[PDB]
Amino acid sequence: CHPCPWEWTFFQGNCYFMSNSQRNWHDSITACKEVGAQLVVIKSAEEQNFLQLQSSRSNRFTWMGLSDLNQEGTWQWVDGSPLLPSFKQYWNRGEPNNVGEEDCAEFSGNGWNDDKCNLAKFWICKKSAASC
């Protein structure tokens, strides 16, 4: 018994996987569902720091499970939860700026950026860990 599948990273009771290929945002959603997971929804500050550190160090622009597709300016996680004010600090300076219509969120450098949902990027999936 081990808590996460091979190649997944254990952190505080959940398992995380960063892709080695790039897809657009909607195709990334489907990729996580195909392995019984979810395009990452962030629930705590410590979790955000953990994920941001990995995107930063690897120098990979990476989708998360957050968009304002349904209502411009209203950001919502893919599990339906709203983006809380305690998370606004994580947007990069000047973001979200919707330049050329940008409705999907990514890890970019030290913070978050809104980018075009049709652009191919890396992605991170999340699923709960097994108890042993």
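All residue numbers refer to positions in the sequence shown, first residue = 1.
- For the pair 95 to 103 and 36 to 44, the record assigns the higher mean C-alpha temperature factor to 95 to 103.
- Look at the C-alpha B-factors of 24 to 32 and of 68 to 76. On average they run higher in 68 to 76.
- In this structure the maximum Cα B-factor among 113, 110, 9, 12 is found at 110.
- Placement of the Cα temperature factor of residue 52 within the chain: lowest third of the modelled residues, per the deposited record.
- The entry lists a Cα temperature factor for residue 117 that places it in the highest third of the chain's modelled residues.
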